[PDB]
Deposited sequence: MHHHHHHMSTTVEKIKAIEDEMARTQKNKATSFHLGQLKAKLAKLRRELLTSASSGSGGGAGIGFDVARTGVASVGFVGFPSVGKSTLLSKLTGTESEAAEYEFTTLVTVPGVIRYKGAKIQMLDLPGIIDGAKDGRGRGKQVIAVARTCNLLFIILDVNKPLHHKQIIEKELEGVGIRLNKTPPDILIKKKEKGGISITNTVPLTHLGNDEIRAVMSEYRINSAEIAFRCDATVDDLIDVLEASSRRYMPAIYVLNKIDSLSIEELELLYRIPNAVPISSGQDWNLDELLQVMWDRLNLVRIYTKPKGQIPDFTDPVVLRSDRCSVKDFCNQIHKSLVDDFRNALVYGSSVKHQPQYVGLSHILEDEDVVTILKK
């Protein structure tokens, strides 16, 4: 398409343009032109729950180049040997399997489709709607592969291990672009900010920087409705080619879990960290008379754990006859407390619902 041709033309220009005081405005506009185009590709009911059935409280995506290490990894994590489709590179997404960890069903997807150089947009949507990604590397040759995986993921608006930047943009009527600043800005000039805002055809606005924002950070904020921020774990396979001191050293890299898929080393850690990053919320049900069961929590998602959500998870009707809920736990500022439907629960809260 012309739109896919337009992207390559900009990537090309950027690569042959040296970066100085004189070129920075244009390059700022180019980055913005590029960002806008890339979002248009996502523009279309997509991803998990649509393009594949959602089969857990969380869905977790694996991204890696084909290898014996990665096949063994998936087989081992899921308990079932790789199926015919998990060996095809023309295939775009597979489900290696569903696991249960601390009571939560977690769907594990493999996403070879993200690496390929209608259905192409389905794999992208799936990737974007995962709760966590594992990036599988061979620690004997990590850089080339890491660089491609990241480019492809960033390219489709996924932001790995990031919180949205603290920039406020208030759109104005008159008087052009006005800029506020907390911590001094080491990466943006006003020229570049204007470059981005004008490319976005924003005549007049008030922008407040509470972070040492980069030009990409600003763009991310402008593109906030389509950016997907997600935890990613760098799985560094093949540590048996290293040494103890080298292994220790990998733990100085954030979000890395070094493993050996052959020996099983650190698979336990891998799963623990996965759980930690997914931030699911187990609620323990307690009837008025008896105690909470602690055996069968209802597991809610990080961004969907209201008392309302708890109720619905148990049965559609409950909301209609809801008086209130009695809650013990970290979500309430006194033990216990009565709360309403909109009350946001926290992992291992204990809950007793009451009838209207």
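In sequence order, the deposited residues that have no C-alpha coordinates form the ranges 1-8, 53-59, 133-137.
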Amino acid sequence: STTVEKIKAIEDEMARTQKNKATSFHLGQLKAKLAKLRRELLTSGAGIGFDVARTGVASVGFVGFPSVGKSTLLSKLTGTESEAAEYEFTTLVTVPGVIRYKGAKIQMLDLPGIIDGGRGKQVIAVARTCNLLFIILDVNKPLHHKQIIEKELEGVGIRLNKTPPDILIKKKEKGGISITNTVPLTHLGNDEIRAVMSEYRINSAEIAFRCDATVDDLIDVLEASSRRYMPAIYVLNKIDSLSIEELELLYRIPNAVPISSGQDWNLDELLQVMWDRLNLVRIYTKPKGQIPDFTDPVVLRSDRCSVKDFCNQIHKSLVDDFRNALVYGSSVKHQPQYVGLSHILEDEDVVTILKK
From here on, numbers count along this sequence of modelled residues.
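Checked against the record, the higher mean CA B factor of 326-334 and 313-321 lies with 313-321. When the mean C-alpha temperature factors of 347-355 and 3-11 are read from the deposited coordinates, 3-11 comes out higher. Per the deposited record, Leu168 carries the highest C-alpha B-factor of all listed residues (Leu74, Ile253, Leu168, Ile158). Comparing C-alpha B-factors across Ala224, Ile177, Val235, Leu249 in the deposited entry, the largest value falls on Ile177. Ranked within its chain, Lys102 lands in the lowest third, by CA B factor from the PDB record. Per-chain ranking of the deposited C-alpha B factor places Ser82 in the middle third. Sort the chain's modelled residues by C-alpha temperature factor and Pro231 lands in the lowest third, per the entry. Annotation for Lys141: CA B-factor lies in the lowest third of the chain's modelled residues. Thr43: CA B factor in the highest third of modelled residues in this chain (values from the PDB entry).
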